[PDB]
4 protein chains.
Amino acid sequence: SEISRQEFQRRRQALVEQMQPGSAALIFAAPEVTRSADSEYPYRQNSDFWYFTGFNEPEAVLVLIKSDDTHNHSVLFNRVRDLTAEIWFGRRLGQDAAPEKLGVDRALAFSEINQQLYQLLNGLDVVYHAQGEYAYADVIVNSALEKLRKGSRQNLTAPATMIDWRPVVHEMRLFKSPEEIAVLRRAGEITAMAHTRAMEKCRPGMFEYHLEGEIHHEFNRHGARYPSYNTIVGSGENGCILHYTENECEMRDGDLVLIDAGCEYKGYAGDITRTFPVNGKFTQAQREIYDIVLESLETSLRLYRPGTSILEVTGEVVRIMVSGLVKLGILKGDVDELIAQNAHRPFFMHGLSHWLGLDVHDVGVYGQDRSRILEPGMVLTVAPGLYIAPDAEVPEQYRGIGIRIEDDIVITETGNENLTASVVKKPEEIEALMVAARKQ
Amino acid sequence: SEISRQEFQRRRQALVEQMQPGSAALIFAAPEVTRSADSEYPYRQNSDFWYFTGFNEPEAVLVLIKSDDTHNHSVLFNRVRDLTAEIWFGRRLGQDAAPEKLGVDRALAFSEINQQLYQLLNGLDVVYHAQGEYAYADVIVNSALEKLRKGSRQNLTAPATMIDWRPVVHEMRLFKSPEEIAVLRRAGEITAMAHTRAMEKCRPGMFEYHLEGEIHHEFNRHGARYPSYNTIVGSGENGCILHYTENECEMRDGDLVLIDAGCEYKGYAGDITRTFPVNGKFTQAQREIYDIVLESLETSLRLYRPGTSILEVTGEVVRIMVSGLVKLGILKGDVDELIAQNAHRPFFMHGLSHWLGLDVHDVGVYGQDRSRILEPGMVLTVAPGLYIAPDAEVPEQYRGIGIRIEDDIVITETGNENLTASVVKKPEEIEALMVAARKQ
Amino acid sequence: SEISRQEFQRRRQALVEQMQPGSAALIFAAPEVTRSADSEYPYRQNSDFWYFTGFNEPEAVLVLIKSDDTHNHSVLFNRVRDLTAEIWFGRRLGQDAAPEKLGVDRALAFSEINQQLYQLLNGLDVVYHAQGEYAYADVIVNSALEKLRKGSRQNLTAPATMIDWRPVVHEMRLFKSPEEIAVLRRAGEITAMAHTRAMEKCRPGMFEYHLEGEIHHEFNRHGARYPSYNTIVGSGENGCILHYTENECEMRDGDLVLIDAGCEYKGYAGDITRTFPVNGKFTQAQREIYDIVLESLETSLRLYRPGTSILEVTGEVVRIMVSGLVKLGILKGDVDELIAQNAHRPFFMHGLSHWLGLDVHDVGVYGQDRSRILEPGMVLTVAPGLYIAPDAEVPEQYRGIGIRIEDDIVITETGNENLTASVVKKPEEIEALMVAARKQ
Amino acid sequence: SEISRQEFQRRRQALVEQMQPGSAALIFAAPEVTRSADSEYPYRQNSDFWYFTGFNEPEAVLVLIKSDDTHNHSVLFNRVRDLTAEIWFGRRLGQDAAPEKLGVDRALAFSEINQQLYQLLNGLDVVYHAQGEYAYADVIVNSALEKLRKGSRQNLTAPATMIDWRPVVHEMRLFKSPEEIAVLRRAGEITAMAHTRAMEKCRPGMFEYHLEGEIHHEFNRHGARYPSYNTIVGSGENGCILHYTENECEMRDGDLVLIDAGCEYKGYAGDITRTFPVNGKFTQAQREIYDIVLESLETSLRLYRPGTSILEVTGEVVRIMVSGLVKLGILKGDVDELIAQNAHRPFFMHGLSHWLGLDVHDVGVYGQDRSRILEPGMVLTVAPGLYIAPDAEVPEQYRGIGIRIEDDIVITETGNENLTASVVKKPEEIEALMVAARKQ
Ligand SMILES: [Cl-]
Ligand SMILES: [Cl-]
Ligand SMILES: [Cl-]
Ligand SMILES: [Cl-]
Ligand SMILES: [Mn+2]
Ligand SMILES: [Mn+2]
Ligand SMILES: [Mn+2]
Ligand SMILES: [Mn+2]
Ligand SMILES: [Mn+2]
Ligand SMILES: [Mn+2]
Ligand SMILES: [Mn+2]
Ligand SMILES: [Mn+2]
């Protein structure tokens with residue numbers, strides 16, 4: 001599953017529909033990023049630029065011009081064909097091929113952007129520009145507008161109104177098309193396969209980074225070359241560090257390992273967390289905490305649907321957590337009083353859910369305290385966890401346990417679809433999977 | 001093999017030895033780098049900062065103060081301990097532990113750098129600073145010097161002399177210690193294991209990126225988590241693109257694949273290229289070009305030694321290439337006349353060798369046309385290649401063949417040591433390796 | 001005559017009337033400007049900031065908030081009272097006194113602008129800001145908007161629309177109130193007195209700068225402390241340099257001197273040019289050129305009125321010039337053909353008229369080729385000139401003559417009012433004035 | 001008196017003498033400065049650039065190249081000849097005429113600086129550059145050095161050492177040549193004539209700014225077109241504001257007026273303060289404070305000589321002030337105890353003396369607490385004052401009196417020469433001067 005030329009074109013047209021007549025929208029590619037000295041990180045296109053183009057080159061700018069309410073057209077600035085540069089660094093689309101390949105009306109050399117952009121903006125009323133997104137883009141836009149402002153004797157005029165297109169575009173991205181959901185479904189499947197592999201490979205004595213290696217290899221073999229975020233493999237006390245990425249420790253017999261990892265497939269993020277015993281068998285203490293986190297996730301998966309909110313479901317999870325922690329002696333007191341005091345916060349200190357899409361922490365307005373009412377087409381994670389610090393003032397068998405269990409879901413008319421249920425999470429199913437692997 | 005605290009300390013002392021009395025040297029950590037939105041690439045420390053510290057955190061500055069010819073001391077600025085930040089993002093060394101851990105005299109919070117740096121520079125004659133390396137560092141240094149310049153009524157004075165420490169430091173890095181050579185030797189071994197695995201796994205129908213996945217997994221399993229540069233897997237015509245990293249094509253029965261890949265192990269780069277038949281058997285045309293590139297590499301490996309130069313060895317390779325290309329009818333004319341015309345350049349358009357170390361294209365002065373006389377302790381690649389474009393005006397059986405064969409060597413008293421000879425390169429040995437794998 | 005608090009308030013309200021509901025307009029003071037080292041030029045407030053405040057301090061920002069269509073208010077950020085700073089550098093209005101003095105609702109310390117501005121912009125739909133006017137202002141505004149954009153978890157939101165208020169404000173400034181016209185009338189009178197004095201003082205042997213001194217002293221004695229632009233005193237060949245300000249030469253018996261000078265009175269510019277003989281008597285050649293420029297000015301003064309344009313009047317002047325130059329043998333050919341070829345351009349190479357107000361080259365849209373139809377309340381200069389270069393291919397008696405004659409006018413319902421006719425310009429009247437002075 | 005081409009050349013050679021072999025010094029002109037919109041302040045050349053050139057154009061850079069210990073040469077970058085630009089804005093020296101006019105070896109167009117500067121710096125060991133002086137200059141220098149650093153394959157190398165030439169140059173400026181002293185002597189005479197005129201013109205009812213007008217006219221008529229700093233005319237309570245420049249009040253019968261004003265003559269500053277009665281007659285209270293300030297100045301003028309310091313002379317002034325203030329009942333207690341408590345500070349809160357030269361607050365190291373030992377050739381002001389605030393807790397007849405009396409001196413072998421004693425300061429002489437004027 002992928003997103004096709006015609007869908008990128010539909011998206012551009014949907015933005016044009018929202019624009020004022022006599023306007024232009026400017027969407028800039030990501031800069032290349034140095035890793036060290038003259039070496040660069042693998043290129044990651046800007047998510048918004050990608051959303052409107054599917055074009056993976058730097059030094060490119062998409063310009064959508066809405067001349068009036070019926071007439072509009074698109075211009076791409078992009079790197080010119082250059083034999084020497086291409087022999088060295090890779091093929092370039094160039095100007096001749098771009099209109100057909102991408103479905104834009106005109107293509108111009110990026111090297112000419114300063115000579116041409118002001119001409120495209122001249123006489124318009126509004127420019128849509130994400131000011132502050134990139135320094136290089138602000139320089140280009142500000143230079144064009146200055147030329148126009150100062151150019152009255154050459155009959156030039158600048159648009160006086162500049163509108164940030166991010167809010168409009170991010171609201172578009174918040175609601176996925178069926179084709180996007182298909183891509184996210186495949187991302188979920190690839191990511192789940194990777195997590196299953198990690199559980200089947202894990203043995204005491206392996207290092208945390210070895211599971212990262214298994215995961216990344218599995219992503220790759222399905223055509224997801226890069227993770228959507230840096231893989232977390234936190235064993236023992238490291239599982240209490242939410243974004244632990246050192247992944248440097250030897251995994252010990254008797255510890256849990258928490259793996260939070262997701263692929264990037266056709267631009268879209270998977271995002272799964274599974275926690276499991278390094279030696280294949282939960283201890284009683286580990287199982288007691290695990291059961292609370294799993295009940296939280298299972299209840300959330302039952303509840304999420306159009307018309308509820310992340311805030312509402314979070315309230316249900318908090319009750320499950322406080323109730324469970326009271327039963328184990330980790331919290332002491334009346335459950336409702338403890339809930340009123342947010343007594344769970346030392347142990348569950350992050351949000352339950354975030355949007356998912358072209359970014360792992362995807363764009364889109366959450367509302368105050370994540371109260372926005374859910375509607376079909378929204379995609380989000382569901383990620384309860386409990387983290388009992390090594391020095392917590394709790395019964396000592398619970399100290400140093402960090403557990404998170406996370407699935408990705410899409411809100412549907414009828415509830416939600418779980419995109420990542422193909423990797424096990426019930427403790428008996430985890431143990432059975434690991435027992436079978438450990439016998440091989 | 002690794003580099004230890006005491007070696008980082010020796011390096012700092014060796015820099016201090018070269019500094020003027022009444023001076024300070026400022027070495028800044030790399031900034032964290034955005035991948036997309038709020039997600040960052042995996043952190044890569046600045047190579048020079050790493051060289052003097054082995055410290056892998058951002059927001060850190062090493063200050064070496066040479067008060068006079070006998071007295072000197074070191075101050076590290078680094079992130080403070082912070083419970084919330086560490087629960088979220090990872091452990092921090094902090095100030096209390098840093099002096100013992102890193103072997104520096106004093107540690108201060110990075111948040112106090114603007115309040116403290118000018119005090120350390122006050123009254124000194126010289127500041128050593130890599131101006132232009134990082135914007136954030138230039139802002140900090142310029143602000144400190146401005147405070148001092150403008151502070152005469154507070155009895156402050158700025159050093160009037162600013163010296164770029166890069167030339168001195170880069171000359172230090174050019175000559176490896178035995179411990180560095182041991183780390184590079186292990187990097188070479190890990191990288192060679194990865195290339196052997198790729199040859200044993202490659203089959204027609206696999207995608208280029210699948211070999212990247214095999215390679216990266218092999219790096220990981222030996223504790224080299226990240227490549228030293230973006231892996232190149234160029235099959236067929238893609239092998240004629242020198243830094244081809246799209247790695248997107250299905251590898252065809254009858255094509256060669258060129259793999260240029262290297263690990264990063266304890267900061268140091270491996271860098272190997274091997275080219276081999278996708279189907280396990282060189283065609284006659286492929287073998288004819290391969291033999292020329294291999295003779296070039298084998299001759300270079302015989303020649304490299306103290307007292308010669310990259311330029312001198314390149315001359316020998318050019319003769320081998322022109323002679324071989326004349327024999328095949330790719331070039332026509334008198335060999336010496338063709339050499340005088342640089343007639344090989346359409347087919348071999350890059351350098352034979354680059355320095356290798358903490359960067360894959362390592363630091364250090366090459367001399368005009370890479371004429372610097374080689375001495376023991378220098379580490380470099382040896383990478384002849386021939387690239388016959390699909391539209392080259394040559395006998396048609398050679399079109400679209402790209403071959404490079406690259407090893408990493410250290411110059412020794414007695415010649416060179418080849419760090420990467422544990423992956424095969426003779427064509428009969430490649431074929432035998434692949435035949436054995438293909439039967440499994 | 002001056003502009004009063006109540007008029008500044010009316011102007012602010014007139015801007016608020018044009019603003020969208022749920023918006024804020026930000027108008028920033030001018031920075032102080034270094035002359036050399038720690039010394040600054042005399043402060044000149046930004047004309048737009050002045051227009052809305054009459055406040056002559058730096059480090060001040062006017063914020064007009066239109067909460068909805070009935071409710072609006074104003075906030076000034078300005079320097080705090082500070083005993084030491086005021087003992088040294090001058091009194092400050094401060095926060096307590098500002099609301100009453102300036103007629104604004106609230107005043108806050110400029111030192112708190114970054115802590116407070118984002119709070120004023122939070123939740124608004126539109127911000128009016130002159131982007132690119134001042135770097136320091138762009139930094140403040142961009143920082144506030146970034147805080148709001150990144151502050152969703154603190155329930156902050158940024159206005160997505162930014163509108164340049166310059167076009168609206170500059171159209172306001174283009175049409176003067178009766179009180180503004182009264183101030184400009186006084187500026188015209190002061191400037192005319194200064195030009196009369198210069199004619200009465202001028203003698204062969206004085207330096208050009210001596211007339212500048214007379215002019216500036218006369219401005220000062222009427223309470224116009226500063227010129228509106230750098231005074232031009234171009235004698236002989238220097239009169240052919242349009243903005244000649246060196247004013248360094250000894251004025252010679254037999255040369256003309258061209259003086260272009262204007263005062264700044266309560267912020268508003270006068271702008272007069274007079275050309276006259278250094279020795280009190282025009283030569284025949286000087287009179288011949290002078291008569292053409294004077295006819296051009298006199299005809300323009302008859303013509304300017306509502307419903308014509310600068311372009312239309314310029315056409316009449318060009319005909320007068322070409323006709324006159326043909327009669328003298330400076331141009332050769334058919335008058336209408338010469339007009340069609342713009343044959344006057346080597347001798348009259350600037351515009352006839354510019355707007356006049358808080359800036360000498362005042363703000364406001366001219367239309368293509370200065371074709372905008374004139375309406376009552378517009379104020380403009382009328383400044384024909386002829387400049388015959390020392391090396392011009394013309395009869396030799398005309399070489400090195402530069403003549404410009406310029407008056408300031410206001411367009412009225414009934415034609416125009418000449419604000420600067422109190423300094424003579426008819427050649428016989430100039431000669432009589434100078435003869436009378438020279439006898440004293 | 002002026003500074004000539006040969007002296008500017010001597011200064012350049014004296015700097016070259018101090019430079020390391022294999023170096024270049026870069027000295028940049030001042031930017032032009034906006035006053036409002038498209039109008040600029042009158043140009044003021046950078047004092048250091050002026051010191052080495054006497055060249056009054058922007059867009060100019062002096063490059064002094066010391067190739068080795070015997071060979072050196074100079075290159076000027078400056079604006080090209082341009083007929084249109086010169087017709088509009090003034091004559092330009094250009095490249096052809098500059099070598100002879102200024103005494104430099106070569107001149108190049110400023111528009112070519114980026115194409116040429118790196119070529120001049122290539123292969124040098126040291127660049128002398130005033131980093132942070134001007135943004136535009138730092139951009140040019142940093143760009144050149146970056147080209148060289150990155151240009152090893154083009155055989156380019158950057159100087160690794162950058163030295164601020166300000167300390168060396170400012171120490172040169174601190175010691176005046178006889179020709180400089182002659183120019184400062186004329187500046188002192190012009191400034192004194194202006195102050196005498198102000199005393200002779202002052203009448204109750206005139207505004208403070210009227211005396212500014214008289215002063216500026218007198219500067220002008222002697223060929224000092226511009227003041228060296230903004231003129232202070234503080235009458236009554238305004239005399240207690242040290243840099244009062246509003247100059248807006250009507251001067252009252254019974255008040256003093258304090259005038260601090262100085263011309264700029266051939267680049268050099270005069271700087272005189274005189275305080276005198278608006279009505280020509282000191283009151284008893286005014287005379288009592290005046291006598292203390294005058295004794296302070298007269299004693300300082302007796303004492304200043306080689307081998308003392310500003311700090312030492314200040315101690316003598318403090319004793320005079322405390323003793324005088326005790327006698328009047330403004331201070332109460334034991335004189336030596338009061339001196340130990342710095343009890344004079346509420347009334348004398350500034351320094352006695354500053355260096356004088358191309359800047360009014362001239363360059364040069366003062367030493368801690370202005371303790372540097374004076375030597376012949378140093379030029380400085382001597383400016384005691386007493387300022388009794390309107391709300392001071394002192395006998396009420398002294399409230400609101402601000403008095404400063406300031407002369408300019410040069411340290412000689414034999415003591416000092418007073419450059420400004422031609423304007424009176426003894427109270428009986430002030431009164432006699434004003435009585436004579438008031439009778440006319
Ligand atoms: Cl391009
Ligand atoms: Cl910190
Ligand atoms: Cl403030
Ligand atoms: Cl130029
Ligand atoms: Mn996750
Ligand atoms: Mn997540
Ligand atoms: Mn390689
Ligand atoms: Mn290489
Ligand atoms: Mn004018
Ligand atoms: Mn004008
Ligand atoms: Mn003074
Ligand atoms: Mn002074």
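Note that ligands are numbered from 1 as they come in the structure, with each ligand's atoms numbered from 1 the same way. All values below were derived from every heavy atom in this structure, side-chain atoms included, with hydrogens, water molecules and symmetry-related copies excluded. Below, read A as the first sequence line, B as the second, and so on, with proteins coming before strands; counting in each chain starts at 1.
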For this output row, return yes or no: ring centroids of A:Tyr387 and A:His350 closer than 6.0 angstrom.
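That pair passes the under 6.0 Å test.
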
Any carboxylate oxygen within less than 4.0 angstrom of a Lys/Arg side-chain nitrogen, looking at B:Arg274 and B:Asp260?
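The answer is no: the pair does not qualify as a salt bridge.
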
Can we say B:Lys425 and B:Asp407 salt-bridge, meaning some charged N sits less than 4.0 Å from an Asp/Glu carboxylate O?
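Yes, B:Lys425 and B:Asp407 are salt-bridged.
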
Quick check: does any side chain N or O of B:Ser39 sit under 3.5 Å from a backbone N or O of B:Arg35, one acting as donor and the other as acceptor?
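Such a contact is absent between B:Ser39 side chain and B:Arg35 backbone.
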
Measure from the side-chain N and O atoms of B:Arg372 to the backbone N and O of B:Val365, and report whether any donor-acceptor pair falls under 3.5 Å.
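Present.
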
Number of protein N/O/S atoms that sit closer than 2.8 Å to the Mn ion (ligand 8):
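Considering protein N, O and S only, the Mn ion (ligand 8) has 3 within range.
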
Could you tell me how the ring of A:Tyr41 sits relative to the ring of B:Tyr41: parallel (under 30°), tilted (30 to 60°) or perpendicular (over 60°)?
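Rings of A:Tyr41 and B:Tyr41: parallel, under 30°.
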
